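Presented below is the structure to which this report refers.
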DNA sequence: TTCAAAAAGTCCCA
DNA sequence: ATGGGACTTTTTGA
Ligand SMILES: Nc1ccc(CCNc2ncnc3c2ncn3[C@@H]2O[C@H](CO)[C@@H](O)[C@H]2O)cc1
Ligand SMILES: [K+]
Ligand SMILES: [K+]
C-alpha cells in the first residue's frame, strides 16, 4: 500500500519548489503533501526549511519580533505553521509524527490529518505542494468510490481514467496564487485518451514549468510503472514556456550522479522547450527536428487510416482457458470443425505476414442448445463453468454461461485484413490471409470498398512498416514500459497516409518482400535491402 | 446491444 | 535474492 520514492527524486522535487523562496518576505510558507505516507517528502522539507530559517535568523529577528525569531524557536515554528501532511494510513501518520517530533515542556501541534484527501474540506490554500499520489486504474478501484469520483471530479475523471487524475485536480485547486506544485506521477496521462480532460485542466489552470519524462526507465524498483515529474505554478507570467527533459537511454541507473540535476544536464537526457499556448488537446512534446518531421508528414498526407479503413478489437472470450485449445489437443476431436477458428497471439505477428497459428478457438456462440453438443460443454468448456458464470454478462443473463463474452462479428474476421499487436517495440503490420481470429492483444482493420482502387493491402503494409512511419508513429504514441508502445486504434487510426508517384514501386517492393517471406528457404537479407530501398522511396515522397 | 481502453502490468530466470 | 527480458487477460464505462 506504500511506495517509496528514491531519495534523489525527492530531493529534486523539494529543491524545485523551495530553492528560491524569499523567507524574509514570507516567513510563514505552507508546504503540503496530501499522500505523505511515512514522510519521505516532509522530512526533507523540514531539513530544507531548517537550513533556510537558520541562515536568516538574524535578519528575521531584526525585521520582525526579535523575541520570536531565535534558533531555539525554529523547530516549533516549522511544525506549527509550515508543514502539512495528509494520508489515509493511520500507522504512517503516527510514524511521521514521531519522526517530526524527534527532529529536535509544552507539546507542539503537528498539522497531520488522517483522512481521504479527496473528501477533506480544505480550509485554506497552500504556497507549496509536493508528493507522490496513489495510482489506481479502472479495474482496481472500488465501484462505490468510482461513483463518488464520477460525481465530484467529473472535470478530470471519466471512463477509464485514473485516481491520480483526481489528485492532480485537488492539488491545482488548493494551490495559492503564485504557489508552486511539483509531483511524480505515471507518465501515461501525457498521451492517453483518458487523460484528455486532465491535460485540458492542467493547461488551462496552471503554468507548467517543467516536465521530466523518464519514458520506460524503471524508477521504482520492482514496480511496473513509467514515471514523470511535473512542476507547475500559479504565477503571473506572460511567456508560458515549458522545459522538457526527455530521457535518451532507458537502461540508465538513476544513482550515477549525486543529484538529479547533474543527470538532467548530462548526455543521458535531451532538453527542449514547448510553448504552452500552442498545446492542442494532444501534447506533442518533441524537439524542433522531430516537430519539423511530424509537420511535414501531416501536411503532405491527405488521408488517414480512419478515413479509408474499418477498425476493430479482437475477440474477448472472458475466460481464455475455457475456449482456446492447442491445435494438437485430442479434445478437439469432440468439436465439429465448423466451430473451430484459427487463433493467434501478438507474438505471431511480424512485419508483413503472420506466423502459422498453433491455437484454435471454440466459437461457442454457434452452439444452439446444451443437449445437442453436451459432450463439448461437459468435457471442455464446463471445466471452467464457475469462472464463466462470474462474468458480468452472465450474472445479468445477457450471455449464456458457455458463450463468449464478446464474440464480435465472425464476418469481420473471415476476410483479408491487416493485423497488428496491441503493444510492441516497433511497427508490425501484417496481411492476414488465413482468416485468423485473435484476442484483444491483436487489432485488425480492413479497407473500405470505396478506397480499394486508391489503396491496396500490400502498399499499406509497405509504408506502415517503414522506418519513416515507425518514427512518425512513435512521435505521438503512448510509451508504456521499456521498449513498448501502445498500438491502439485511438492512435493507430490517426496515422495519415499519402498517395503519389512512388505508389507503384512501393507496392512492388512490398509484394517482393511478402513473396520472399512466404518461401521455404527465406533469404532475409534481400528483404532488408528491399526495405532500405522502400524507405528511400518514402523519404523522397514525403520531402524529408 | 456491444464497442474499445486500461500497465503502482505479470511471470520467469540467471 | 534482484534486475532484466519476453510477452500480454478480461474487467469495465460508455
Ligand atoms: N479503493 C480506494 C478507496 C479509497 C481511497 C482513498 C483515496 N484517498 C487518499 N487520500 C489520501 N492518501 C491516500 C489516499 N489513497 C491512498 N493514499 C496514500 O497515498 C500513498 C500512496 O503512495 C499511501 O501512503 C496511501 O495511504 C483510495 C482507493
Ligand atoms: K525587530
Ligand atoms: K518501467
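In PDB author numbering, the protein residues as written are 28 to 131, 138 to 577.
We put the beta carbon where it would ideally sit given N, CA and C, even for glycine.
Check	Outcome
Closest by C-alpha distance to residue 326, when choosing among 165, 500, 366, 420	500
Own chain, CB closer than 6 Å to residue 219, minus 5 neighbours either side, in chain order	168, 258
Proximity below 9 Å, CB of residue 30 to CB of residue 222	no
beta-carbon residue 303 near ligand 2 non-hydrogen atom, thresh 8 Å	no
Beta-carbon contacts of residue 108 that lie in its chain and below 8 Å, excluding the five residues immediately before and after	55, 57
CB-CB length for residue 418 against residue 439, believed under 8 Å	Between residue 439 and residue 418 the Cβ distance is about 19 Å, and since that is not below 8 Å, they are no contact.
Test item: CB-CB of residue 189 and residue 177 under 9 Å	no
Under 7 Å, CB to nearest heavy atom of ligand 3: contacting residues	249, 250, 251, 257, 258, 259, 514, 515
Neighbour-count burial assignment, residue 171, 16 or more Cβ in a 10 Å radius	exposed
Complete runs of the alpha helix (DSSP H) confined to the segment 336 to 410 [at least 4 residues]	338 to 341, 353 to 356
Residue 52 beta carbon near ligand 2 (any heavy atom closer than 8 Å)	no
Limits of the unbroken alpha helix (DSSP H) element including residue 569	557 to 575
Residue 111: CB within 8 Å of a non-hydrogen atom of ligand 1	no
Euclidean distance between Cα positions of residue 294 and residue 39	7 Å
Within 9 Å, strictly: CB atoms of residue 62 and residue 166	yes
Distance, residue 186 Cα to residue 238 Cα	15 Å
Segment contact flag, the segment 515 to 527 with the segment 452 to 463, C-beta cutoff 8 Å, min 3 pairs	yes
CA nearest to the CA of residue 519, picked from 248, 80, 153	248
Three-state secondary structure (DSSP) of residue 203	helix
Extent of the continuous alpha helix (DSSP H) to which residue 68 belongs	67 to 82
Stretch-stretch touch, CB-based, cutoff 8 Å, three pairs: the segment 273 to 286 with the segment 308 to 321	yes
Run of the beta strand (DSSP E) containing residue 2, from where it starts to where it stops	Any property of residue 2 remains undetermined from this structure, which presents the chain solely from 28 to 577.
Near ligand 1: residue 178 beta-carbon under 8 Å from a heavy atom	yes
Candidates 472, 463, 505, 407, of which the one nearest residue 490 by Cα	463
Selected residue, minimal CA-CA separation from residue 226, among 242, 215, 194	194
Simplified DSSP state of residue 276, which is helix, strand or coil	strand
For residue 331 and residue 51, the rounded distance between their alpha carbons	52 Å
Nonlocal neighbours in the same chain, by C-beta distance under 6 Å from residue 146, ignoring five residues either side	113
Residue closest to residue 41, alpha-carbon to alpha-carbon, out of 386, 383, 324, 67	67
Per-residue DSSP class, three states only, for residue 60	strand
Three or more C-beta pairs below 8 Å linking the segment 350 to 369 and the segment 542 to 559	no
Outcome for residue 484 when other beta-carbon atoms lying within 10 angstroms are tallied against a minimum of 16	exposed
Buried or exposed by the 16-neighbour rule on C-beta atoms within 10 Å, applied to residue 137	There are no coordinates for residue 137 in this structure, because the numbering of the chain runs from 131 directly to 138.
Beta carbon of residue 48 nearer than 9 Å to that of residue 161	yes
Member of 305, 334, 120 whose CA lies at the smallest distance from the CA of residue 321	305
Residue 232, buried or exposed, once every other Cβ within 10 Å from all chains shown has been counted against 16	buried
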